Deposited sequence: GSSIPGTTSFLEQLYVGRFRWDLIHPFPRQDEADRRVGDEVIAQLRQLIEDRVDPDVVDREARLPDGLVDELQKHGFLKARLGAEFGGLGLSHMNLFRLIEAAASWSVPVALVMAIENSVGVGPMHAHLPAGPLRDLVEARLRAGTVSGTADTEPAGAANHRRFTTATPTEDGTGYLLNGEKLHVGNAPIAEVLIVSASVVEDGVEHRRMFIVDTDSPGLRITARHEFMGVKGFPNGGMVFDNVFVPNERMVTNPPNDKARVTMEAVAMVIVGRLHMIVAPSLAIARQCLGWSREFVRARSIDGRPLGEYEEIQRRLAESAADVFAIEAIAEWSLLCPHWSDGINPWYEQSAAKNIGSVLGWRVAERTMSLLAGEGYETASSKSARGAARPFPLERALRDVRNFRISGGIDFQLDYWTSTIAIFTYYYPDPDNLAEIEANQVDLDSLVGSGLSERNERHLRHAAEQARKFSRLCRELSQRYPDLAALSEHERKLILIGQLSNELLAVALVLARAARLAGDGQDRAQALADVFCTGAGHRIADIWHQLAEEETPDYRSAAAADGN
């Protein structure tokens, strides 16, 4: 069953996550070999600073990645693929992202939500034969969903009308901010088909060379400069019947690769840059690493990385937890980069090329890292919006008919007896007790709100409270997995894991308290008067 699903009804399932899993040693060594090959390739052909300054990937890179099976990492030998586990794909994207995020994002889309991953789901027919033929030949793909109207719209205004002769459909509409679009051979397009008065969302496998399809825009953002990203108009684009697809777990697990892997990569580089800077600097004769606040900030960044690692390992060694991984990964990644900017200060704010030009010891592209990491709280959904959707669509669903374990909620039941054998420190066992108590409190809150509003549609109006509840659920999951991983790695002789776990749960402790304080607001201000 599901740890986070149980957490929503106030159960702290230590037994589901302890002992914390670890990657198979043979599988990890297969990862090590493929990662070494990619690093050789991109370090030879890609200068990340030049890619950022020119906002362009070097000519020939996508080809060379294709020839070595890096755009078919999860496919079998049949397709000239590397047949990597999810854990090893994630590590491959992480490895790419630590050099150039644009390169990582191209690889992430293709190996996550492209026609390659989709192949296995398609039924036998012409479409499946075409995708296979393209994959053998080597293809680049993208998902074209977002419209100017907004991604958060339940409807898609891009229409698919059947042709008079019934052979295919005419696509009409606009797609915005589409990853890989400018280099894509084929796009997975979302469009509405009207069937006798009722609108229906359908997916279409559309060639980019289709007449009436126009890549009008090439999008450049604050970060990920060089990442192929395009907007397009469909003007009566003819799409044969077979090209119409005829689950969403592929999209959720895809976020681990597209969002969390690059977030971890950046968080790791930032920790590296923090340590190198602290090692080489001093204030008033005393080396910078001796000042308490500097020590705490290195600890907090190190603990954040450990937490991104925990959520990533739990997600890919094995559902709702993988949904929360998007926000936990992206936010922790952004925090580390923000913290690192404060630490490196003036040098941190300075561009890599500027520092390189003046022969600086540390030409670290931290400012690029901070601009890039911001993407991952936007791309794949806005953090507060995902926090809202998580609590209304996945937390109050268990309470609206009524909670099945309602007796447990009124009784304030907390199983402290199942946390007895851990291997955790006396402090990390205290963190574990408190998280289990907070789990039960979380459910009691959810019950009061559900009792307070009979209609969910009415409850769904109170967005701030539901966002905070989304956040609270993520904090407790992060604490739980961090303690589980700590117990495991400490058990296998990594004693630093206890300290890292201790730092993170202490911090989470303050964020949880803050979230409760905001939830406990009795009277709301007239924010509508203020907004005007």
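In this chain the deposited sequence has gaps in the coordinates at 1-7, 254-265, 338-346, 561-564, listed in sequence order.
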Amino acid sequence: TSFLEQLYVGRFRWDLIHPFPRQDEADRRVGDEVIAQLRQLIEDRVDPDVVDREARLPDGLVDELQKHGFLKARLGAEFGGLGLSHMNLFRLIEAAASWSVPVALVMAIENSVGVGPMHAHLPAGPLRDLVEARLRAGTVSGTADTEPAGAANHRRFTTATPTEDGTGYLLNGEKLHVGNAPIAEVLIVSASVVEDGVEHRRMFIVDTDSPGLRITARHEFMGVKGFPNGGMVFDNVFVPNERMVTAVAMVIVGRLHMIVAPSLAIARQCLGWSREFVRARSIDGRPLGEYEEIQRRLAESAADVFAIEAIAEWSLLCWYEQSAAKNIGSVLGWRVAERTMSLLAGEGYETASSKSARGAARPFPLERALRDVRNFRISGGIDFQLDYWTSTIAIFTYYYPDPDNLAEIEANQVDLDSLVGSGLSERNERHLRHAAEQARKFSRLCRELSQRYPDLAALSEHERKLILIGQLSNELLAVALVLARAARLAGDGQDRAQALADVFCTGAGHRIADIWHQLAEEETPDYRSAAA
From here on, numbers count along this sequence of modelled residues.
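Of the two segments examined, 134-142 and 330-338, it is 134-142 that shows the higher average Cα temperature factor in the deposited entry. With 363-371 and 426-434 compared on mean CA B-factor from the PDB entry, the stretch scoring higher is 426-434. In the PDB entry, the Cα temperature factor peaks, among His219, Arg297, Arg201, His257, at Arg201. In this structure the maximum Cα B-factor among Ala394, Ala302, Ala108, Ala97 is found at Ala394. Placement of the Cα temperature factor of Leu127 within the chain: highest third of the modelled residues, per the deposited record. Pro148: CA B factor in the middle third of modelled residues in this chain (values from the PDB entry). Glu521: CA B factor lies in the highest third for its chain, per the PDB record. The PDB entry assigns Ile17 a C-alpha temperature factor belonging to the middle third of its chain's modelled residues. Ranked by Cα temperature factor within the chain, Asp207 sits in the lowest third according to the deposited record.
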